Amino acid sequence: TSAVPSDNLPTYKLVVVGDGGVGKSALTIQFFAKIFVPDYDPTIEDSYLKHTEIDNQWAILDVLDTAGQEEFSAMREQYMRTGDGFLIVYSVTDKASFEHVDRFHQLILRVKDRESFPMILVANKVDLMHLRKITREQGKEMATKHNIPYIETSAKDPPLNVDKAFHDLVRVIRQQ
């Protein structure tokens, strides 16, 4: 690991939410283990911990890989209350994932009962433009709709903003 100096490091409970098959797990495995997972293992609720320095400021990252099969429509109230930041993730090759973006937005905003909360919209699977069904402008418009930063990632072997998406969400929390 990486032994951090000082003590009592800030801990950010980053929660990754999104529909099934979007890529929430593969993005998280890439950020923590630097490896792309191609298989189909639907996630119920897994957690990941790591110590990294962001903008010359160490911090503890507790990332929660939520479910997507909707079979576990519960458990949402739990991580949507203790989470310090959220990563709305949709797939550019699955139109159904794009309509559910504001479905998660009103959930997080109501459960938090705030005017707004640190969120970042993630357009995943941009390595498959031959089957892409959501343009970049469609994601930009949805991002400006809820006043949310936007980023395009792809958990494939080419990295593509996997670390930046998490690190930006840590940056949003520090300046929210």
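The first residue of the sequence shown is number 1, and the count goes up from there.
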Original post:
Looking only at CA atoms, which has the higher mean B factor in the entry: 139 to 147 or 47 to 55?
Top reply: 139 to 147
**OP:** Compare the mean C-alpha B-factor of 110 to 118 with that of 32 to 40 as given in the PDB entry, and name the stretch with the higher value.
**Re:** 110 to 118
Original post:
Of the options 67, 27, 131, 64, which has the highest CA B factor as deposited?
Top reply: 131
Subject >> Among modelled residues of the same chain, the CA temperature factor third for residue 10 >> reply: middle
Subject >> Relative C-alpha B-factor of residue 72, binned into the chain's lowest, middle or highest third >> reply: highest
**OP:** State the tercile, meaning the lowest, middle or highest third, of residue 89 with respect to the CA B-factors recorded for its chain.
**Re:** lowest
Original post:
If you rank every modelled residue in this chain by C-alpha B factor, which third holds residue 159: lowest, middle or highest?
Top reply: highest
Original post:
residue 173: which third of its chain by C-alpha temperature factor?
Top reply: middle
